[PDB]
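Student: So here's model_3.cif (mmCIF, C-alpha atoms and all ligand atoms).
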data_final
loop_
_atom_site.label_atom_id
_atom_site.label_comp_id
_atom_site.auth_asym_id
_atom_site.auth_seq_id
_atom_site.Cartn_x
_atom_site.Cartn_y
_atom_site.Cartn_z
CA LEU H 1 80.55 17.38 21.84
CA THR H 2 77.46 16.80 19.71
CA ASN H 3 77.90 14.56 16.67
CA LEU H 4 81.70 14.41 16.89
CA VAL H 5 81.43 11.34 14.62
CA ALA H 6 79.05 11.31 11.65
CA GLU H 7 76.78 8.26 11.29
CA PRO H 8 74.53 7.37 8.31
CA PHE H 9 71.15 8.02 9.89
CA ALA H 10 69.88 9.61 6.66
CA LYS H 11 70.54 6.49 4.59
CA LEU H 12 68.87 4.41 7.30
CA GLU H 13 65.67 6.48 7.36
CA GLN H 14 65.59 6.58 3.55
CA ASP H 15 65.79 2.78 3.48
CA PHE H 16 63.01 2.69 6.09
CA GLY H 17 60.86 5.11 4.10
CA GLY H 18 60.19 7.55 6.91
CA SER H 19 61.80 9.63 9.60
CA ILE H 20 63.99 8.52 12.49
CA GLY H 21 64.73 10.63 15.54
CA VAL H 22 67.64 9.76 17.80
CA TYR H 23 69.20 11.29 20.87
CA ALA H 24 71.91 9.54 22.85
CA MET H 25 73.99 10.89 25.72
CA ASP H 26 77.15 9.49 27.26
CA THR H 27 76.62 10.50 30.87
CA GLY H 28 80.35 10.34 31.64
CA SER H 29 81.64 12.79 29.06
CA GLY H 30 78.49 14.64 28.01
CA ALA H 31 79.06 13.59 24.41
CA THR H 32 75.87 13.20 22.43
CA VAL H 33 74.53 11.85 19.15
CA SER H 34 71.59 13.80 17.76
CA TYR H 35 69.52 13.27 14.60
CA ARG H 36 66.11 14.93 14.25
CA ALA H 37 66.34 15.07 18.01
CA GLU H 38 64.07 18.08 18.55
CA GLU H 39 61.31 16.95 16.17
CA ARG H 40 58.08 15.70 17.66
CA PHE H 41 57.22 12.01 17.35
CA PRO H 42 54.18 10.20 18.76
CA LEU H 43 54.82 8.66 22.17
CA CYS H 44 52.52 5.65 21.61
CA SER H 45 52.94 3.34 24.59
CA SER H 46 56.29 4.88 25.60
CA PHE H 47 54.42 7.37 27.79
CA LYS H 48 53.89 4.47 30.23
CA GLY H 49 57.45 4.58 31.50
CA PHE H 50 56.99 8.19 32.53
CA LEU H 51 53.59 7.25 33.95
CA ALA H 52 55.23 4.69 36.23
CA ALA H 53 57.83 7.27 37.29
CA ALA H 54 54.99 9.67 38.12
CA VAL H 55 53.35 6.96 40.25
CA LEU H 56 56.66 6.43 42.04
CA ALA H 57 57.00 10.17 42.59
CA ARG H 58 53.56 10.28 44.19
CA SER H 59 54.42 7.31 46.39
CA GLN H 60 57.15 9.43 47.99
CA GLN H 61 54.29 11.44 49.53
CA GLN H 62 51.78 8.58 49.92
CA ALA H 63 53.53 5.81 51.85
CA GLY H 64 51.07 3.04 51.05
CA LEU H 65 50.26 3.98 47.46
CA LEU H 66 52.14 1.17 45.74
CA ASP H 67 50.40 -1.56 47.76
CA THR H 68 46.92 -0.14 47.24
CA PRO H 69 44.62 -2.75 45.63
CA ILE H 70 42.77 -1.61 42.52
CA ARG H 71 39.64 -3.45 41.38
CA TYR H 72 38.30 -2.87 37.87
CA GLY H 73 35.48 -4.04 35.65
CA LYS H 74 35.54 -5.74 32.27
CA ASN H 75 34.90 -2.37 30.65
CA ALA H 76 38.40 -1.29 31.76
CA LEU H 77 39.97 -3.97 29.58
CA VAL H 78 41.08 -2.69 26.21
CA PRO H 79 43.00 -4.61 23.53
CA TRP H 80 46.49 -5.74 24.55
CA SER H 81 45.97 -6.04 28.34
CA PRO H 82 47.70 -9.39 28.88
CA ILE H 83 48.37 -9.03 32.61
CA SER H 84 45.34 -7.06 33.78
CA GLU H 85 42.96 -9.48 32.03
CA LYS H 86 44.30 -12.30 34.24
CA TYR H 87 43.50 -10.37 37.46
CA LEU H 88 40.10 -9.00 36.41
CA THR H 89 38.37 -11.12 39.03
CA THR H 90 40.87 -10.27 41.79
CA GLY H 91 42.25 -6.77 41.24
CA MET H 92 45.91 -5.73 41.19
CA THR H 93 48.01 -3.36 43.27
CA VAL H 94 49.21 0.00 41.99
CA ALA H 95 52.75 -1.39 41.86
CA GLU H 96 51.57 -4.42 39.88
CA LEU H 97 49.69 -2.19 37.44
CA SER H 98 52.83 -0.09 37.01
CA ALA H 99 55.00 -3.12 36.40
CA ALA H 100 52.48 -4.47 33.87
CA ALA H 101 52.29 -1.14 32.02
CA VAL H 102 56.09 -0.92 31.87
CA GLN H 103 57.03 -4.55 31.29
CA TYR H 104 54.21 -5.87 29.09
CA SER H 105 52.89 -2.51 27.82
CA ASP H 106 49.54 -3.53 29.29
CA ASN H 107 47.07 -0.99 27.95
CA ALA H 108 44.34 -1.32 30.59
CA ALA H 109 46.88 -1.06 33.42
CA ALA H 110 48.14 2.24 31.96
CA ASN H 111 44.63 3.67 31.64
CA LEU H 112 43.86 2.77 35.26
CA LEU H 113 47.03 4.46 36.45
CA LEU H 114 46.47 7.50 34.23
CA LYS H 115 43.06 7.94 35.88
CA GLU H 116 44.71 7.74 39.30
CA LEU H 117 47.13 10.50 38.26
CA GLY H 118 44.46 12.90 37.00
CA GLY H 119 44.59 11.93 33.35
CA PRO H 120 46.85 13.15 30.55
CA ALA H 121 47.13 16.61 32.05
CA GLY H 122 48.32 15.11 35.34
CA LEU H 123 51.07 13.14 33.65
CA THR H 124 52.02 16.23 31.64
CA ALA H 125 52.16 18.18 34.91
CA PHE H 126 54.57 15.63 36.37
CA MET H 127 56.82 16.00 33.33
CA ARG H 128 56.77 19.79 33.71
CA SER H 129 57.78 19.34 37.36
CA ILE H 130 61.05 17.64 36.32
CA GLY H 131 61.80 20.36 33.76
CA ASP H 132 60.47 18.74 30.58
CA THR H 133 58.68 21.41 28.56
CA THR H 134 58.28 19.30 25.39
CA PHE H 135 56.30 16.28 26.54
CA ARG H 136 52.57 16.40 26.12
CA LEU H 137 49.97 13.75 26.72
CA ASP H 138 46.51 14.74 25.54
CA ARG H 139 44.31 11.65 25.24
CA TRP H 140 43.72 8.22 26.78
CA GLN H 141 44.37 4.78 25.35
CA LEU H 142 43.87 3.84 22.65
CA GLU H 143 43.06 7.15 20.98
CA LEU H 144 46.49 8.58 21.83
CA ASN H 145 48.05 6.22 19.25
CA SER H 146 46.51 7.91 16.18
CA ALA H 147 49.99 9.20 15.16
CA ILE H 148 48.50 11.70 12.67
CA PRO H 149 51.21 13.48 10.64
CA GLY H 150 51.73 17.00 11.98
CA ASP H 151 49.58 16.42 15.08
CA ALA H 152 51.45 17.46 18.23
CA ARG H 153 49.04 15.74 20.62
CA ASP H 154 50.59 12.86 22.56
CA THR H 155 54.12 13.56 21.37
CA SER H 156 57.56 14.43 22.62
CA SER H 157 61.03 14.70 21.11
CA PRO H 158 63.85 12.14 21.33
CA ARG H 159 65.96 14.72 23.13
CA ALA H 160 63.34 15.54 25.76
CA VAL H 161 62.61 11.82 26.30
CA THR H 162 66.30 11.11 26.86
CA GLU H 163 66.83 14.10 29.14
CA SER H 164 63.82 13.17 31.26
CA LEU H 165 64.78 9.50 31.36
CA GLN H 166 68.23 10.54 32.57
CA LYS H 167 66.78 12.69 35.35
CA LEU H 168 64.50 9.88 36.55
CA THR H 169 66.86 6.90 36.35
CA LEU H 170 70.26 8.49 37.11
CA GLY H 171 69.56 11.98 38.40
CA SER H 172 67.72 13.36 41.40
CA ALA H 173 64.13 13.58 40.14
CA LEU H 174 63.11 10.51 42.17
CA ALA H 175 64.29 9.59 45.64
CA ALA H 176 66.82 6.76 45.61
CA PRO H 177 64.45 3.86 46.49
CA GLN H 178 61.91 4.97 43.90
CA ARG H 179 64.70 5.53 41.39
CA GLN H 180 65.95 1.97 41.77
CA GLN H 181 62.39 0.66 41.49
CA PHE H 182 61.92 2.55 38.22
CA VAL H 183 65.22 1.14 36.91
CA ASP H 184 64.18 -2.36 38.01
CA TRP H 185 60.86 -2.11 36.17
CA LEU H 186 62.62 -0.93 33.00
CA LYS H 187 65.22 -3.69 33.29
CA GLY H 188 62.42 -6.23 33.44
CA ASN H 189 60.71 -5.07 30.28
CA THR H 190 59.73 -7.95 27.99
CA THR H 191 58.66 -6.07 24.86
CA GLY H 192 61.98 -4.62 23.67
CA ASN H 193 64.16 -7.54 22.73
CA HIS H 194 64.26 -6.57 19.04
CA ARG H 195 64.81 -2.82 19.55
CA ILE H 196 67.56 -1.02 21.52
CA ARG H 197 68.39 -4.26 23.39
CA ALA H 198 69.29 -5.96 20.10
CA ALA H 199 72.13 -3.45 19.75
CA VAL H 200 73.40 -3.89 23.32
CA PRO H 201 75.74 -6.74 24.33
CA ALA H 202 74.18 -9.38 26.56
CA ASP H 203 76.66 -8.69 29.38
CA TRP H 204 75.53 -5.05 29.80
CA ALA H 205 72.55 -4.04 31.93
CA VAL H 206 69.71 -2.33 30.08
CA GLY H 207 66.25 -1.03 30.90
CA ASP H 208 63.84 0.20 28.26
CA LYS H 209 60.26 1.10 27.37
CA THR H 210 58.80 0.56 23.88
CA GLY H 211 55.97 2.13 21.94
CA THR H 212 54.09 0.92 18.85
CA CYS H 213 51.24 3.03 17.52
CA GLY H 214 50.05 0.62 14.83
CA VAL H 215 49.87 3.22 12.03
CA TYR H 216 52.11 5.63 10.13
CA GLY H 217 55.21 3.48 10.61
CA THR H 218 55.31 4.84 14.15
CA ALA H 219 57.22 3.00 16.86
CA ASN H 220 59.92 3.80 19.37
CA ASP H 221 62.08 2.71 22.28
CA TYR H 222 64.05 4.51 24.97
CA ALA H 223 66.62 2.98 27.25
CA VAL H 224 69.29 3.38 29.87
CA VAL H 225 72.30 1.19 29.15
CA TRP H 226 75.12 0.34 31.55
CA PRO H 227 78.23 -0.74 29.60
CA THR H 228 80.67 -2.38 31.96
CA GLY H 229 83.55 -0.24 33.12
CA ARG H 230 82.16 3.11 31.93
CA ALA H 231 79.33 5.53 32.59
CA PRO H 232 75.78 4.71 31.49
CA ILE H 233 74.32 5.84 28.17
CA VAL H 234 70.76 7.15 27.85
CA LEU H 235 69.10 7.09 24.44
CA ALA H 236 65.84 7.36 22.59
CA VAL H 237 64.89 6.20 19.09
CA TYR H 238 61.57 7.29 17.57
CA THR H 239 60.18 6.62 14.11
CA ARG H 240 57.30 7.72 11.92
CA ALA H 241 56.41 7.51 8.24
CA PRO H 242 54.13 9.47 5.91
CA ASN H 243 51.44 6.90 5.01
CA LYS H 244 48.88 5.44 7.40
CA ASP H 245 49.56 1.90 6.17
CA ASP H 246 53.34 2.22 6.42
CA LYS H 247 54.74 -0.51 8.67
CA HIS H 248 57.03 0.16 11.58
CA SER H 249 60.36 -1.65 11.76
CA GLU H 250 62.02 -3.05 14.87
CA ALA H 251 65.18 -3.65 12.87
CA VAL H 252 65.41 0.05 12.00
CA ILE H 253 65.19 0.95 15.70
CA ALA H 254 67.96 -1.53 16.56
CA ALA H 255 70.06 -0.26 13.67
CA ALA H 256 69.64 3.33 14.80
CA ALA H 257 70.63 2.37 18.32
CA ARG H 258 73.75 0.67 16.95
CA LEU H 259 74.66 3.85 15.07
CA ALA H 260 74.10 5.94 18.20
CA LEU H 261 76.42 3.77 20.26
CA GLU H 262 79.01 3.80 17.47
CA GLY H 263 78.73 7.58 17.27
CA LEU H 264 79.51 7.78 20.99
CA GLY H 265 82.55 5.53 20.60
CA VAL H 266 81.07 2.80 22.77
CA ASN H 267 82.54 -0.53 21.66
CA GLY H 268 79.84 -3.18 21.36
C1 LIG O 301 51.64 0.99 22.99
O1 LIG O 301 52.25 1.46 22.06
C2 LIG O 301 50.52 -0.04 22.76
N1 LIG O 301 50.28 -0.20 21.33
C3 LIG O 301 49.01 -0.50 20.82
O2 LIG O 301 48.05 -0.63 21.58
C4 LIG O 301 48.76 -0.69 19.23
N2 LIG O 301 49.60 -1.54 18.65
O3 LIG O 301 49.58 -1.87 17.32
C5 LIG O 301 50.48 -2.97 17.05
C6 LIG O 301 47.61 0.08 18.55
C7 LIG O 301 46.81 0.94 19.30
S1 LIG O 301 45.61 1.64 18.19
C8 LIG O 301 46.23 0.75 16.72
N3 LIG O 301 45.67 0.88 15.39
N4 LIG O 301 47.29 -0.02 17.14
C9 LIG O 301 51.03 -1.40 23.42
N5 LIG O 301 52.53 -1.39 23.33
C10 LIG O 301 53.30 -2.30 22.75
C11 LIG O 301 54.85 -1.76 22.66
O4 LIG O 301 55.23 -1.29 23.72
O5 LIG O 301 55.42 -1.85 21.57
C12 LIG O 301 52.88 -3.32 21.52
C13 LIG O 301 53.69 -3.91 20.62
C14 LIG O 301 51.38 -3.49 21.32
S2 LIG O 301 50.33 -2.91 22.67
#
Can the structure in the file be given as C-alpha cells, please?
Tutor:
Amino acid sequence: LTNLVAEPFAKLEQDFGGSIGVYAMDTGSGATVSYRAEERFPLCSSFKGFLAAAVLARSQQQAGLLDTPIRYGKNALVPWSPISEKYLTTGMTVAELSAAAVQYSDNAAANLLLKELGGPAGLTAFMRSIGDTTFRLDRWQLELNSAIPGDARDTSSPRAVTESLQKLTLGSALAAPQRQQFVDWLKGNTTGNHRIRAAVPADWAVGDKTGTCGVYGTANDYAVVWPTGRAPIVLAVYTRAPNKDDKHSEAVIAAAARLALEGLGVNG
C-alpha cells in the first residue's frame, strides 16, 4: 500500500535544487506515500512540537505543571522570541511557553522548556519512550539549526516524524485531555500558512509545526489533516540543499504536500 500511485517528487526536488523527504499516511486504509522517507533531515524548529508533547506527557504525572509560572531574564531571549519578549517583565506559564513554542516558533520559550525537560537528551528520551528510535536532539537553540550536510545531530526522518506525530495526536501516547491539547496547539499554529496548509482546503481541520534552519535550503513542516468525511492524514515534508547559501522554499513544501495528498487519492 506504499506508493500505489507515482508522483513527480524527483522533478520537484530537481527544480528546487536539493532534496525533499515526504511521508504521508492515510490513517483509515494504511496507504502511504513515501519519498526519501528514511533519510535524515535537520529538525530545525520542528522539534518544538514534540517538545510540547513531552511537556504534556509530564503533566500527566505533575498535575499543576502547565500552570506553573516561569520567570526568566533578558539573557534567555534569543532571536525570534516574539511572545516571550513581551512577558519578560512578568513571566509566563509552562502552558503559555508551550503554546508560544508551537504556535509562533518562539525560540526562547523552547529553550526554557527544553531546560525543564532535562535538555536535548531528555526530549530524545521522551521520543524513545513512544517508540521513535530515529529522532535525536543534540544541541540547544540556536546551534541546533546548523543543518550541516551529513551531520546526524538534531535530525529525524520524515517517516519517524509522521509515525510519532500519529501516535501523539491520534494514538494512545498521550492521555485524551493532553492529546486534545496538543492537537489544539498545533491547530493554532500561525507560522505554516504557506506550507502544508496551503495544500489543504480551508474547510478541513489542520494542525502543523514548521521548521526553518536558515541555511542549506533546510525547512520543513509536519501536520495532521482532517478531511471531512474520511479518516485523518498525517504527513511530514522536509527539505535540504547542498550549499550553505541555498534558500529554502515554502512553495516547494506546499507542492510536495499537494503531491502527497494526490498520491493518497485524497480529493482537494
Ligand atoms: C526554527 O526553525 C526557528 N528558526 C530560526 O531560528 C532561524 N531562522 O532563519 C530564518 C535560524 C536559526 S540560526 C540561522 N542562521 N537561522 C524559528 N522557527 C520558524 C519556523 O517555524 O519556520 C521561523 C520561520 C524563524 S524562527
Student: Quick one: of H:3, H:89, H:19, H:267, who's nearest to residue 242 (chain H), counting all atoms listed in the file?
Tutor: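 The closest residue to residue 242 (chain H) is H:19.
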Student: CA of residue 214 (chain H) and CA of residue 45 (chain H), how far apart in Å?
Tutor: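 CA of residue 45 (chain H) sits 10.5 Å away from CA of residue 214 (chain H).
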Student: Env of region 127-144 of chain H: 7 Å cut, atoms = only C-alpha atoms, seq-sep filter 6 positions within chain, self excluded. Answer as a PDB file with C-alpha atoms, in the frame of the given file.
Tutor:
ATOM      1  CA  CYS H  44      52.520   5.650  21.610  1.00  0.00           C
ATOM      2  CA  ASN H 107      47.070  -0.990  27.950  1.00  0.00           C
ATOM      3  CA  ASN H 111      44.630   3.670  31.640  1.00  0.00           C
ATOM      4  CA  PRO H 120      46.850  13.150  30.550  1.00  0.00           C
ATOM      5  CA  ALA H 121      47.130  16.610  32.050  1.00  0.00           C
ATOM      6  CA  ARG H 153      49.040  15.740  20.620  1.00  0.00           C
ATOM      7  CA  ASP H 154      50.590  12.860  22.560  1.00  0.00           C
ATOM      8  CA  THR H 155      54.120  13.560  21.370  1.00  0.00           C
ATOM      9  CA  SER H 156      57.560  14.430  22.620  1.00  0.00           C
ATOM     10  CA  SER H 157      61.030  14.700  21.110  1.00  0.00           C
ATOM     11  CA  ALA H 160      63.340  15.540  25.760  1.00  0.00           C
ATOM     12  CA  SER H 164      63.820  13.170  31.260  1.00  0.00           C
ATOM     13  CA  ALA H 173      64.130  13.580  40.140  1.00  0.00           C
TER      14      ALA H 173
END
Student: Skip residue 257 (chain H) itself and residues of its chain fewer than 4 positions away, then list as a ChimeraX atom specification all residues within 9 Å of it, counting only C-alpha atoms.
Tutor: /H:22,24,195-200,235-237,252-253,261-262
Student: For ligand LIG 301 (chain O), list the contacting residues at 8 Å or closer, counting only C-alpha atoms and all ligand atoms, as a list in words.
Tutor: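 Here is the list of contacting residues: residues 43, 44, 45, 46, 79, 80, 81, 104, 105, 106, 107, 141, 142, 143, 144, 145, 146, 191, 192, 209, 210, 211, 212, 213, 214, 215, 219 and 220 of chain H.
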Student: Can you tell me which residues surround residue 76 (chain H) at a distance of at most 10 Å, considering only C-alpha atoms, apart from same-chain residues fewer than 4 positions away, and format the answer as a ChimeraX atom specification?
Tutor: /H:71-72,81,84-85,88,107-109,111-112
Student: Report, in Å with one decimal, the straight-line distance from CA of residue 55 (chain H) to CA of residue 90 (chain H).
Tutor: 21.3 Å
Student: Find the residues near residue 26 (chain H): any atom within 9 Å, counting all atoms listed in the file, skip ones fewer than 4 places away on the same chain, and give them as a list in words.
Tutor: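 So, after excluding close chain neighbours, the residues are residues 30, 31, 32, 33, 231, 232, 233, 234, 235, 264 and 266 of chain H.
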Student: Take the selection from the previous step and output its residues with C-alpha atoms, as a PDB file, keeping the file's coordinate frame.
Tutor:
ATOM      1  CA  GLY H  30      78.490  14.640  28.010  1.00  0.00           C
ATOM      2  CA  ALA H  31      79.060  13.590  24.410  1.00  0.00           C
ATOM      3  CA  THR H  32      75.870  13.200  22.430  1.00  0.00           C
ATOM      4  CA  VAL H  33      74.530  11.850  19.150  1.00  0.00           C
ATOM      5  CA  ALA H 231      79.330   5.530  32.590  1.00  0.00           C
ATOM      6  CA  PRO H 232      75.780   4.710  31.490  1.00  0.00           C
ATOM      7  CA  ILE H 233      74.320   5.840  28.170  1.00  0.00           C
ATOM      8  CA  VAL H 234      70.760   7.150  27.850  1.00  0.00           C
ATOM      9  CA  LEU H 235      69.100   7.090  24.440  1.00  0.00           C
ATOM     10  CA  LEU H 264      79.510   7.780  20.990  1.00  0.00           C
ATOM     11  CA  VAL H 266      81.070   2.800  22.770  1.00  0.00           C
TER      12      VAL H 266
END
Student: Using all atoms listed in the file, which residues sit within 9 Å of residue 113 (chain H) once same-chain residues fewer than 2 positions away are excluded, as a list in words?
Tutor: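 Everything that qualifies: residues 51, 52, 55, 94, 97, 98, 101, 108, 109, 110, 111, 115, 116, 117, 118 and 119 of chain H.
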Student: Using all atoms listed in the file, can you tell me which of H:82, H:188, H:229, H:8 comes closest to residue 259 (chain H)?
Tutor: H:8
Student: CA of residue 207 (chain H) and CA of residue 223 (chain H), how far apart in Å?
Tutor: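 Taking CA of residue 223 (chain H) and CA of residue 207 (chain H), their separation equals 5.4 Å.
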Student: With distances taken over all atoms listed in the file, which of H:255, H:123, H:205, H:25 is nearest to residue 57 (chain H)?
Tutor: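 Among the listed residues, H:123 lies closest to residue 57 (chain H).
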Student: Please determine, counting all atoms listed in the file, which residue among H:114, H:125, H:102, H:224 has the shortest atom-to-atom distance to residue 167 (chain H).
Tutor: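 Under the stated criterion, the closest residue is H:224.
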Student: So, with only C-alpha atoms as the atoms that count, which of H:56, H:37, H:174, H:63 lies closest to residue 161 (chain H)?
Tutor: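 Distance minimum relative to residue 161 (chain H) lands on H:37.
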